[PDB]
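Trainee: Submitted below is the structure of interest, expressed as structure tokens.
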Amino acid sequence: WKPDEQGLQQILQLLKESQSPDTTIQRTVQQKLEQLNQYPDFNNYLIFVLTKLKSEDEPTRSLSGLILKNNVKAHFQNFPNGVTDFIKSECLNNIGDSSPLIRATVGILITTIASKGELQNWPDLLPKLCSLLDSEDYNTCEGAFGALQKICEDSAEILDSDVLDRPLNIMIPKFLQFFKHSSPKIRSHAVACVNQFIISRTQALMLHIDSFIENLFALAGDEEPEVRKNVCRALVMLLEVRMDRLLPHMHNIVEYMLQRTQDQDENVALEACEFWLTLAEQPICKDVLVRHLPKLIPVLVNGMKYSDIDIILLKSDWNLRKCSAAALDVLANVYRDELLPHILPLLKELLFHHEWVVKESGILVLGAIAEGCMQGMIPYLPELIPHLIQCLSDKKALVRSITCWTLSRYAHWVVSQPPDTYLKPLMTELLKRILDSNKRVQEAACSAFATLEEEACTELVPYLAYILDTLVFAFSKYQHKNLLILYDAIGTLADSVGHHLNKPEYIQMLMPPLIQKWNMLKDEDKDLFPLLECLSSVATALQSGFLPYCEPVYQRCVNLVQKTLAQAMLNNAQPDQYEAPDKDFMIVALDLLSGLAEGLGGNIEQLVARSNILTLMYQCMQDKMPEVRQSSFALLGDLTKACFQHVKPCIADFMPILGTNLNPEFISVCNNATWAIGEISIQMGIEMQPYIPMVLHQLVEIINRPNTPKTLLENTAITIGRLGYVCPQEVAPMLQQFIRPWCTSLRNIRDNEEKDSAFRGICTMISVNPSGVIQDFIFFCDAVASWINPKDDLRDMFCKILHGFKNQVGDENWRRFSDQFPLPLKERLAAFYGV
Numbered sequence: 005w006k007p008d009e010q011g012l013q014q015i016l017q018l019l020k021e022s023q024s025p026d027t028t029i030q031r032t033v034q035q036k037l038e039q040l041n042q043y044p045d046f047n048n049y050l051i052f053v054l055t056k057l058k059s060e061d062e063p064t065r066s067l068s069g070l071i072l073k074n075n076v077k078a079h080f081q082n083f084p085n086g087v088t089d090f091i092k093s094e095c096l097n098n099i100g101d102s103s104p105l106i107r108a109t110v111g112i113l114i115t116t117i118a119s120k121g122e123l124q125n126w127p128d129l130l131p132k133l134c135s136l137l138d139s140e141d142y143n144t145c146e147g148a149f150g151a152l153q154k155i156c157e158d159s160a161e162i163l164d165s166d167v168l169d170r171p172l173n174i175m176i177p178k179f180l181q182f183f184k185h186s187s188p189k190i191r192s193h194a195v196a197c198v199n200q201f202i203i204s205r206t207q208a209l210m211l212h213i214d215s216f217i218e219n220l221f222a223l224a225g226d227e228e229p230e231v232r233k234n235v236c237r238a239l240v241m242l243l244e245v246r247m248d249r250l251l252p253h254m255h256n257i258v259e260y261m262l263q264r265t266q267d268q269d270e271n272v273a274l275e276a277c278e279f280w281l282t283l284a285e286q287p288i289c290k291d292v293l294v295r296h297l298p299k300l301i302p303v304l305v306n307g308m309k310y311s312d313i314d315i316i317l318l319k371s372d373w374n375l376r377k378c379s380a381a382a383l384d385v386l387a388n389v390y391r392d393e394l395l396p397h398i399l400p401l402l403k404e405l406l407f408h409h410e411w412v413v414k415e416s417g418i419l420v421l422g423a424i425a426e427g428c429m430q431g432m433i434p435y436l437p438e439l440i441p442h443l444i445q446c447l448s449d450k451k452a453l454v455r456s457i458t459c460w461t462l463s464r465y466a467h468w469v470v471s472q473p474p475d476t477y478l479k480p481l482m483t484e485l486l487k488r489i490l491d492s493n494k495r496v497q498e499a500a501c502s503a504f505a506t507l508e509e510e511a512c513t514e515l516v517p518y519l520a521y522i523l524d525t526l527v528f529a530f531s532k533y534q535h536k537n538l539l540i541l542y543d544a545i546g547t548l549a550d551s552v553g554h555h556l557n558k559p560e561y562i563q564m565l566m567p568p569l570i571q572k573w574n575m576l577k578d579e580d581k582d583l584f585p586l587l588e589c590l591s592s593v594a595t596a597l598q599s600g601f602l603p604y605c606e607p608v609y610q611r612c613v614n615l616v617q618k619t620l621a622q623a624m625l626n627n628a629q630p631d632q633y634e635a636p637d638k639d640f641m642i643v644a645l646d647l648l649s650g651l652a653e654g655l656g657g658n659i660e661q662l663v664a665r666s667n668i669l670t671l672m673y674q675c676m677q678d679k680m681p682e683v684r685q686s687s688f689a690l691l692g693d694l695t696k697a698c699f700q701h702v703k704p705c706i707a708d709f710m711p712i713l714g715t716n717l718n719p720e721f722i723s724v725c726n727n728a729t730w731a732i733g734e735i736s737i738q739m740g741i742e743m744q745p746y747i748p749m750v751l752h753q754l755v756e757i758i759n760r761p762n763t764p765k766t767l768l769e770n771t772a773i774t775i776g777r778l779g780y781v782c783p784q785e786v787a788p789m790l791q792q793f794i795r796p797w798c799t800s801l802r803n804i805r806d807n808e809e810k811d812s813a814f815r816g817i818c819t820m821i822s823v824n825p826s827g828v829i830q831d832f833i834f835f836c837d838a839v840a841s842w843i844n845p846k847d848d849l850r851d852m853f854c855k856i857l858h859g860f861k862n863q864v865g866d867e868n869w870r871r872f873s874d875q876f877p878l879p880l881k882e883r884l885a886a887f888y889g890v
């Protein structure tokens, strides 16, 4: 290229027309450039003005390159080699321009050509840059390094790989050799680079581990906080990978770490903070920390205190405070209530202080030790709770956030003391603090309310009338983001009040807004889920009062499924054309689809019959994906008990699917399948007969194997009791082998519909093969002495079994059993049943 008048001037005036404080002048240089940015003579003219042309002033020459780097980010593929060739040159030839802004832009280009234009493509890049660290001109080195320092952060995983020659072999020890440099900026860079690789456990570095720490810790000091920053940062990561190095000098490190944790440079303490956080990560020595634990805590607590500069952002990402609080939590868990001694005195001083700031911090601490110091905290609570509830009214905005969130952290104690005494007033304000005109306070409040509900499980039934009226109105006032939380707040509600929610007026205020949000949501919406998720709970607790809304909702649910399988099938056919579906869409549709099939019960026969469900049901159960199979064995069982009338013909199609899916390694997936077989079991009656053989033996094995998640064991014992009821002659021959685990797992369940459906079996079985229980009768009795209310005949069924056996052994030989009894069991037995 070179000169050419017309172009250069046109360029210059474009760049001059740039800095105009005009708005309509701006829309000109946009298109009037986007047009030149398709005309390849362009970019070269940029680097020229940037580099060669020293006549024009400097901020121009900066915008020169800026645009260039802007094109390199966008249109680089185009850039003919002959441009790129030259671009590369002028930047290395001007790596250390003695005019800051230029030096920085020029490096920026390098940074950018390296990252966007591969690195297998700029072979000279590093080799040059290195040789430039070894330059005399200071500026032509600060530049040479600054680049490398970015290249490492950028192409970390590439530098440490087979692409050039693993230059990491030569750069690392070179970087180390540069710790002993004078001017701090260069040392700070020196370590900065090294750091990229400490996590990455690079062999090019480990080879000098000894020498590294040596140069690192021996260095520690270095007045300039830029260096201290990265040392601190090194040690943090170094603590993770090469723990087996720091121990020797551990005690000096930790004492040092407090000074740097209080380094007046916020940005240094910022990092030093994450030290203890990462220390506490490996619980490889709880003892070491105690030494100076009374010293750290107070410091750490002051970190919470809102920086005077944050009252501007909120009145972000990760600040000292956000780190400090996060670190305190973890310390509470390792140390338990033993942490409290150093904390209580300090707390006292905050919590009340004149400051709509320092008080707030005290509150934040209260929430940070909530769970790890949970027990030692119980005593005081009757003091703070009171005030804390008052605190939800504190005039300053941000206080009303933590005041709230800290309370959520204690719900378990609130829901352990008399309903009216603590819950009542809390949920009053907590609820009013939802309607607050401060988004941050709003969201905090609902999340607080959500937690509160998972703990109530029954206490809200009184206050539902008020709860809803505000929550349903909460939509009239909640932007998209705080709307997500409501779905859960609703979800938890119906999920925590049970059926009680069914009321023609309660429904009145709740359904319209939901259906509103429903229709504004297309069938592709990825935030559709949330709506369905709680709708599952809602349709569940709302029982038959949900009928007004299902004929669409149901059909809407099947249609997701329908559409999803088609997507997958076509993908499992033309991956090169149609991409994979998002199965997480079925999962939901399926969950809601048994959500109705639960509380909507027998009525479903309508929608089930005139629906393709029971083939989409078949396809989903074969799915290579588990979460799917889980919630379609679920739907199966639900439907099975809701309307087996329609389900029957597909049994010999389904049974094998379940029988295969009794693979215990899939936790929940099989837990459902097991339960499912139980529901079919009953609904089939004797006709279950042909199926028992395969499933049965597995069920035994499952229930007989130890370490089999408690929930599954129950879901298995019941199913075995189900089969033994419906087909006694076939299962009773096995009694001897599975009585023990059955009893013990089923000894601890609520005497619900299922427990009965199980014990009826175990008896019908006992009455076929009595010899089954002779050695483990003491097991069996411990199972009976769990029944509070046995359904008339069932109570007489047990008493008949007990009395029956006491006769073959007789009186003198009954003591050989009875005396062995634990005190409760003997007392409930010789009481509620027979002698």
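Read left to right, the sequence shown gives residues 5 to 319, 371 to 890 (the authors' numbering). We put the beta carbon where it would ideally sit given N, CA and C, even for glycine.
So the alpha helix (DSSP H) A382 belongs to, where does it begin and stop?
Mentor: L375 to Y390
Trainee: Taking the alpha helix (DSSP H) that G776 belongs to, which residues open and close that run?
Mentor: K765 to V781
Trainee: Taking residue 347 as the reference, which of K77, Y561 and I114 has the closest Cα?
Mentor: Because residue 347 lies between 319 and 371, and the chain jumps straight from the first to the second, it has no atoms in this structure.
Trainee: Could you pull out every residue in the same chain whose Cβ sits closer than 7 angstroms to the Cβ of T766, ignoring the five residues on either side in sequence?
Mentor: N726
Trainee: Using three-state DSSP, classify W797 as helix, strand or coil.
Mentor: In the three-state scheme derived from DSSP, where H, G and I count as helix and E and B as strand, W797 is classed as helix.
Trainee: Hey, would you say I444 sits closer than 8 angstroms to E498, going by beta carbons?
Mentor: no
Trainee: Helix, strand or coil: which one does DSSP assign to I91?
Mentor: helix
Trainee: If you draw a straight line from the C-alpha of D811 to the C-alpha of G553, how long is it?
Mentor: 22 angstroms
Trainee: Which residues in the same chain have their Cβ closer than 7 angstroms to the Cβ of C95, if we skip the five residues on either side of it in sequence?
Mentor: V110, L113 and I114
Trainee: Can you tell me whether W842 is helix, strand or coil according to DSSP?
Mentor: Note: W842 maps to coil in three-state DSSP.
Trainee: Tell me which residues share the same chain as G740 and place their Cβ nearer than 7 angstroms to its Cβ, disregarding the 5 neighbours each side in the sequence.
Mentor: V781
Trainee: Looking only at its own chain, which residues have a Cβ that is under 7 angstroms from the Cβ of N234, when we skip the five neighbours before and after it?
Mentor: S192, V195, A196 and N199
Trainee: Hey, could you find the ends of the alpha helix (DSSP H) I757 is sitting in?
Mentor: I747 to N759
Trainee: Hey, out of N716, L655, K6 and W573, whose CA is closest to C675's CA?
Mentor: Distances from the alpha-carbon of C675 to those of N716, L655, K6 and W573 put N716 closest.
Trainee: Considering only the alpha carbon of each residue, which of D837, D524 and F832 lies closest to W869?
Mentor: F832
Trainee: Have a look at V469, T483, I489 and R488 and flag the residue whose alpha-carbon is nearest the alpha-carbon of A511.
Mentor: Shortest Cα-Cα distance from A511 to any of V469, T483, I489 and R488 involves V469.
Trainee: Looking only at C-alpha atoms, which of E809, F216, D848 and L751 sits nearest to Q792?
Mentor: Of all alpha-carbon atoms in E809, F216, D848 and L751, the one lying nearest the alpha-carbon of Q792 is that of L751.
Trainee: Does the separation of the CB atoms of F853 and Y888 fall below 8 angstroms?
Mentor: yes
Trainee: Could you check if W5 is buried or exposed, using at least 16 other CB atoms within 10 Å of its CB as the buried criterion?
Mentor: exposed
Trainee: With the cut-off set at 8 angstroms, would you say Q738 and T695 are in Cβ contact?
Mentor: yes
Trainee: Would you please state the rounded distance, in angstroms, between the beta carbons of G816 and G779? I believe it to be under 8 angstroms.
Mentor: 4 angstroms
Trainee: What residue range does the alpha helix (DSSP H) around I712 cover?
Mentor: Segment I706 to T715, the alpha helix (DSSP H) holding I712.
Trainee: Alpha carbon to alpha carbon, how far is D226 from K299? Give it in angstroms, no decimals.
Mentor: Their backbone Cα atoms lie some 24 angstroms apart in a straight line.
Trainee: Note down, one range per segment and in chain order, each alpha helix (DSSP H) of at least 4 residues found wholly within the stretch 611-654.
Mentor: 639-654
Trainee: Need the endpoints of the alpha helix (DSSP H) that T461 sits in, please.
Mentor: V454 to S463 is the span of the alpha helix (DSSP H), which, as asked, contains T461.
Trainee: DSSP on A151, reduced to helix/strand/coil?
Mentor: helix
Trainee: Does the distance from the CB of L19 to the CB of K36 come in under 8 angstroms?
Mentor: no
Trainee: Taking only the alpha-carbon atoms, compute the straight-line gap between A635 and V643 and give it to the nearest angstrom.
Mentor: 17 angstroms
Trainee: When you compare only the Cα positions, how much space is there between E742 and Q632?
Mentor: Rounded to the nearest angstrom, the gap between the Cα atoms of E742 and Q632 is 47 angstroms.
Trainee: Could you check which residue in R495, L507 and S492 has the C-alpha nearest to that of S471?
Mentor: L507
Trainee: Secondary structure at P437, three-state DSSP: helix, strand or coil?
Mentor: The answer is helix: DSSP assigns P437 an H, G or I state.
Trainee: Comparing alpha-carbon positions, which option in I162, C134 and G150 lies nearest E122?
Mentor: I162
Trainee: At which residue ranges does the stretch 519-597 contain complete alpha helix (DSSP H) runs of 4 or more residues, listed in the order of the chain?
Mentor: 519-529, 535-552, 559-574 and 583-596
Trainee: Does the distance from the CB of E228 to the CB of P177 come in under 8 angstroms?
Mentor: no
Trainee: Thinking C-beta only, is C501 closer than 8 angstroms to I545?
Mentor: no
Trainee: Relative to the alpha-carbon of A224, which residue among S311, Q263 and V413 has its alpha-carbon at the smallest distance?
Mentor: When only C-alpha atoms are compared, the closest one is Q263.
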